[PDB]
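Under the entry's author numbering, read the sequence shown as residues 6 to 22, 31 to 454, 463 to 839, first letter to last.
One structure is given below, encoded as structure tokens.
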Amino acid sequence: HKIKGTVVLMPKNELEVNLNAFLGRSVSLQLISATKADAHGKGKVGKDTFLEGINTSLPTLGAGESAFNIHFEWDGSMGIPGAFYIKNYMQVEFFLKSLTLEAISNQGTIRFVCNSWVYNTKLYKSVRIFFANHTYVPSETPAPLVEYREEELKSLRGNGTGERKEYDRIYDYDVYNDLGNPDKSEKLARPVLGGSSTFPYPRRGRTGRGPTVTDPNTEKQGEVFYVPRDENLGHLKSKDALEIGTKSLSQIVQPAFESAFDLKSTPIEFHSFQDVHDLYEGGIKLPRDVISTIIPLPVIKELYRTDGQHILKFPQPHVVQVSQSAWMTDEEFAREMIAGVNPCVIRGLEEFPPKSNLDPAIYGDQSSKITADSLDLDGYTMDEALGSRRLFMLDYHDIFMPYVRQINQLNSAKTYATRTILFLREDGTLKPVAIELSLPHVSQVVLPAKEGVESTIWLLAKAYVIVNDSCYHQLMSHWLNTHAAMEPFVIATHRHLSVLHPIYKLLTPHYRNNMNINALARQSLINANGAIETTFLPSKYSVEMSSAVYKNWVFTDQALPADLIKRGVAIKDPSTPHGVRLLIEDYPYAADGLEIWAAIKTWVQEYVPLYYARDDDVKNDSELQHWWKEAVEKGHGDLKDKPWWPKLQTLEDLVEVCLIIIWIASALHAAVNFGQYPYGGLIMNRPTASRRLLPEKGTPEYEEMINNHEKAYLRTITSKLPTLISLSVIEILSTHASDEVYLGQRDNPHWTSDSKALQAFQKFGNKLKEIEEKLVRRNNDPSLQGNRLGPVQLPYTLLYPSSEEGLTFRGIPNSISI
Ligand SMILES: [Fe+3]
């Protein structure tokens, strides 16, 4: 009596950047019973069974997928299959998608969703096992599968030692000691981030390459930063390997650009604003050997357009797509703090002046020098303004002040720590009314002006603010709060939740490609002399600055309502549907985000109850308790003592934790990531660095400012060479791969057998299509054009759920996938 099976797999060549060799005795499968056990209680194991033949007569197949027939001998003593071993006897690895068994059990068909690389059987200490798609909390695991379930978890965890190899599937933690390169040079040494109270930091995935020669504390370099093999995503099309673009940029392209500036083949500085707009019109002209080193590289070559010989042209940023000059206005400057690339730092102001929390013994009186009588508040008094909650601020003073001295000693960096005061006008748009530029150890207030040298000083003051915001966005809003903060949860999930676990299935789609991009970022983006260090103001202090901000990171404050309330931009109000009332009614990021938040909340609340009926059930899930214990105590271990960590003893706790993780991975990361090039592609709108302080009265710098304001700006912001590298970086980060999996989607529709979970997930996908319509309406509502479109006429679509491939300024991926 035979069971007919179909195996779907992808050979290696199809996923990189001969089908009959799979037949014969090359690939074996053995089924494992879920209902009949041997003496020691384990599911009985069937016989080695080999792929019989190709199956071209199957219509569901996708690109690169091939199917194979197989028939198992499975008699009455064997029971119902719930798992299977596979052994690859080929020398090459292949990517196993699924096994489908026809007509055997109560539900008839048994589906195994695998999606896993299967290397030659000699490379594995234990045989590869895969489970059917039924969901089981540990207490409901069929008894003959119990031991397998735990043994695979033990295998994923490893023993905390060893150099990790390509095919390893071992998840473990380590600190950020792999960014400095002291064996090459003592100037490339970097503090270890994590495991101390000086430099607390989230953990990253352990690689085990062992110590450098000069510093035992720092991990040595490698050509390949390991991630556990199934995190290392293959792509059908080489253009979708966006993550490897950043590696090419730093190793190949940037040294090429650097040659063209050393040989004086192009002007070393921008000289007008037109020199910058040229980048996306006539292209910049370059030596032939530089273009010939760039245009053959995959991914990199998709960024620019070229004539083959001398041109590289960048695409046109969305922000200059209607007005070339609207970025320069105070209204857009202000609007981007609520509908821009970094829309989540502005705070409400309830006392005036604002005060610093810094130690006056080290910095001085840090009471703000801004006077209430110098502000033009549209006729309001200060008391009125405060009292009707119309005053706001972008306060970077306390964050940057401890680093200004260090940064200002470097050779091509000068900055201030800035505060910006904003007033909410009766028409609902924000108005900037003052900017304070502070130094430690002059520290000036600058007021809006439209005429005279004073208006140029104001323009420059706005640039220092945005330099501040750019550093904070890249390192904090984006790198720390999404990429870095999420990796520990990824590791914990694979270590302590079985593939069988309901919460494993809920969360893992929101991890896709996360460990992989971080690994490549640790190697090329945030490493010593990497792309961030060489294009952003703080140079070698960039990453360690994120450690200072992480001291105040709070997991429960990452929930959107908690965040709006913490920042003074909303108030708790149980008469609203979302439970908060916005103090800036028309706040695009928060207003759109609250719809996404609520939809995710509904999905999570409908899913958990399918597997957990009572707080008792949560408390008694050993796998769930071990996961959460480790995530806090090891993954975010330097913050394990804090009192705000949920305890995970209640249904409500479980829903809260899952909702925060999914929020961070999908919509939060999308809102801060996918506007990077649309707004920041014009280097004058989002300068990444500043190079001098304001010119002093009676100097030729000052004279220039009066005569040529464009040159005083460009001479202040990011130089030409870093501009080219950084636009390329953010053009990559802003691009959706064609193979993205967006929110409300999943790669496989049979991820679970539970028809109830599948329907709750179908309702979620609908609710998102509905919301996307509501958001399209808002962008067309002419009452909201002041904030949603602004003078640059760029509707706020970053929180549209769906999107097509490319640089689209919309679409929420499931995960931190780039
Ligand atoms: Fe990102």
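Don't be surprised by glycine CBs; every beta carbon is placed ideally from N, CA and C.
Quick check on this structure: which residue in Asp320, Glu282, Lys471 and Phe510 has the alpha carbon closest to the alpha carbon of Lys655? Here residue 655 is taken as the residue at index 634 of the sequence shown, counted from 1. Measuring from the Cα of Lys655, the nearest candidate turns out to be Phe510.
Under a Cβ-count criterion, where at least 16 other Cβ atoms within 10 Å of its own Cβ denotes burial, should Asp613 be classed as buried or exposed? Locating residue 613 in the sequence shown gives position 592, where the first residue counts as 1. With 16 or more Cβ atoms within 10 Å of its Cβ, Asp613 is classed as buried.
Between which two residues does the beta strand (DSSP E) holding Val466 run? For this step, residue 466 is matched to residue 445 along the sequence shown. Residues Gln465 to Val467.
Through-space distance from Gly786 to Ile792, alpha-carbon basis: Within the sequence shown, residue 792 is the residue found at index 771, counting from 1. Within the sequence shown, residue 786 is the residue found at index 765, counting from 1. Computed Cα separation, rounded: 10 Å.
Length of the line joining the Cα atoms of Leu310 and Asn119: Numbered from 1 along the sequence shown, position 297 holds the residue referred to as residue 310. Numbered from 1 along the sequence shown, position 106 holds the residue referred to as residue 119. Roughly 53 Å between the two C-alpha positions.
Taking a contact to mean a Cβ-Cβ separation below 9 Å, would you say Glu165 touches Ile183 in this structure? Within the sequence shown, residue 165 is the residue found at index 152, counting from 1. Within the sequence shown, residue 183 is the residue found at index 170, counting from 1. Result no, Cβ atoms of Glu165 and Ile183 do not sit closer than 9 Å.
Same chain only: Cβ atoms within 7 Å of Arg162, ignoring 5 sequence neighbours per side: Sequence index remark: in the sequence shown, residue 162 carries index 149 (1-based). Cβ within range, chain order: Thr154, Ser519 and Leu521.
With a threshold of 8 Å (Cβ to nearest heavy atom), would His771 be considered close to ligand 1? The residue you call residue 771 lines up with position 750 of the sequence shown. Proximity of the beta carbon of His771 to ligand 1 is not indicated: no heavy atom of the ligand is located closer than 8 Å.
Is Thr342 near ligand 1, judged by its Cβ being under 8 Å from some heavy atom? The residue you call residue 342 lines up with position 329 of the sequence shown. Checking every heavy atom of ligand 1 against the Cβ of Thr342, none is found closer than 8 Å.
For a test of the three-state rule: what should DSSP assign to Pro445, helix, strand or coil? Here residue 445 is taken as the residue at index 432 of the sequence shown, counted from 1. Strand at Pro445.
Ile547 - DSSP class collapsed to helix/strand/coil: Here residue 547 corresponds to residue number 526 of the sequence shown, with the count starting at 1. Reduced to three states, the DSSP call for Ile547 is coil.
Rounded separation between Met507 and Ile682 - CA only: For the purposes of this step, residue 507 is taken as residue 486 along the sequence shown, with counting starting at 1. For the purposes of this step, residue 682 is taken as residue 661 along the sequence shown, with counting starting at 1. Going from the Cα of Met507 to the Cα of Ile682 covers about 8 Å.
For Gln337, the three-state DSSP class (helix, strand or coil): The sequence position of residue 337 within the sequence shown is 324, counting from 1. Three-state DSSP puts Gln337 in coil, outside helix and strand.
Could you give the distance in angstroms between the alpha-carbon of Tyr525 and the alpha-carbon of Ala505? Here residue 525 is taken as the residue at index 504 of the sequence shown, counted from 1. Here residue 505 is taken as the residue at index 484 of the sequence shown, counted from 1. Approximately 20 Å between the Cα atoms of the pair.
Does DSSP put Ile833 in a helix, in a strand, or in coil? Numbered from 1 along the sequence shown, position 812 holds the residue referred to as residue 833. Three-state result, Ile833: coil.
Host alpha helix (DSSP H) of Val693 (start-end): Walking along the sequence shown from the start, residue 693 turns up at place 672. That run of the alpha helix (DSSP H) goes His690 to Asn694.
Indicate, with yes or no, if ligand 1 has a heavy atom lying under 8 Å from the CB of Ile681. Position 660 of the sequence shown, counted from the first residue, corresponds to residue 681. No, since every heavy atom of ligand 1 falls outside the 8 Å radius drawn around the Cβ of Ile681.
Exposure label - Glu86; buried when at least 16 CB within 10 Å: By one-based count along the sequence shown, residue 86 stands at place 73. Exposed.
How many Å lie between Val463 and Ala426 at the Cα? For the purposes of this step, residue 463 is taken as residue 442 along the sequence shown, with counting starting at 1. For the purposes of this step, residue 426 is taken as residue 413 along the sequence shown, with counting starting at 1. Between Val463 and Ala426, the C-alpha separation is close to 17 Å.
Run through DSSP, which three-state label would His757 get? To locate residue 757, count along the sequence shown from 1; it is residue 736. If DSSP states are grouped into helix, strand and coil, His757 belongs with the strands.
Mind checking whether the beta-carbon of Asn370 lies closer than 8 Å to any heavy atom of ligand 1? Locating residue 370 in the sequence shown gives position 357, counting from the first residue. Because no heavy atom of ligand 1 lies under 8 Å away, the Cβ of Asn370 does not count as near it: no.
Three-state secondary structure (DSSP) of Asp302: By 1-based counting over the sequence shown, the position of residue 302 is 289. DSSP places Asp302 in helix when its eight states are reduced to three.
By DSSP, does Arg162 sit in helix, in strand, or in coil? Along the sequence shown, one-based indexing puts residue 162 at 149. Three-state DSSP puts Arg162 in a helix.
Apply the 10 Å Cβ neighbour rule to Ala34 and answer buried if 16 or more other Cβ atoms are within range, or exposed otherwise. Along the sequence shown, one-based indexing puts residue 34 at 21. Looking at its Cβ environment, which holds fewer than 16 other Cβ atoms inside 10 Å, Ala34 is exposed.
Extent of the continuous alpha helix (DSSP H) run through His517: For the purposes of this step, residue 517 is identified with residue 496 of the sequence shown, where counting begins at 1. Annotation for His517: the continuous alpha helix (DSSP H) segment containing it runs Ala506 to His517.
State the Cα-Cα distance for the pair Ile746 and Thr259, rounded to the nearest angstrom. Locating residue 746 in the sequence shown gives position 725, where the first residue counts as 1. Locating residue 259 in the sequence shown gives position 246, where the first residue counts as 1. Rounded to whole angstroms, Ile746 to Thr259 spans 10 Å at the Cα level.
With a Cβ-Cβ cutoff of 9 Å, do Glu244 and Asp187 count as a contact? Residue numbering aside, residue 244 sits at position 231 when the sequence shown is read from its first letter. Residue numbering aside, residue 187 sits at position 174 when the sequence shown is read from its first letter. Not closer than 9 Å, so no.
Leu481, enclosing alpha helix (DSSP H) - first and last residue: Taking the first residue of the sequence shown as position 1, residue 481 is located at position 460. Segment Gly473 to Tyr493, the alpha helix (DSSP H) holding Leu481.
Under 8 Å, with one C-beta from each stretch per pair, do the region 270-277 and the region 562-570 reach the 3-pair mark? no
How far does the alpha helix (DSSP H) with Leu675 in it extend, from its first residue to its last? The residue given as residue 675 occupies position 654 in the sequence shown. Start and end: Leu672 to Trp684.
Tell me whether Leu754, by its Cβ, gets closer than 8 Å to a heavy atom of ligand 1. The residue labelled residue 754 in the question sits at position 733 within the sequence shown. Yes; taking the cut-off as 8 Å, the Cβ of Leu754 has a heavy atom of ligand 1 nearer than that.
Residues near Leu423 in its chain [Cβ-Cβ closer than 7 Å; skip 5 each side]: On the sequence shown, residue 423 is found 410 positions in, with the first residue counted as 1. Within the same chain, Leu423 has close Cβ partners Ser560.
Please tell me whether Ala339 and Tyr610 are closer than 9 Å, where the distance is taken between their beta carbons. As a working note, residue 339 is residue 326 in the sequence shown. As a working note, residue 610 is residue 589 in the sequence shown. Their beta carbons are not under 9 Å apart, which means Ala339 does not touch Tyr610 by this criterion.
Cutting at 8 Å between CB atoms, please list the residues of its own chain near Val335, excluding the five before and the five after it. For this step, residue 335 is matched to residue 322 along the sequence shown. Taken in chain order, the residues that qualify are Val813, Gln814 and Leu815.
Contacts around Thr62, its chain only, beta-carbon distance under 7 Å, and the 5 residues preceding and following it disregarded: What you label residue 62 is simply residue 49 of the sequence shown in a count that begins at 1. Excluding positions up to five away in sequence, the list reads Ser41, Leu42, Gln43, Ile83 and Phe85.
Measure the CB-CB distance between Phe413 and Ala430 and report whether it falls below 9 Å. Position 400 of the sequence shown, counting from 1, holds the residue named residue 413. Position 417 of the sequence shown, counting from 1, holds the residue named residue 430. With a cutoff of 9 Å on beta-carbon distance, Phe413 and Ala430 are scored as near each other.
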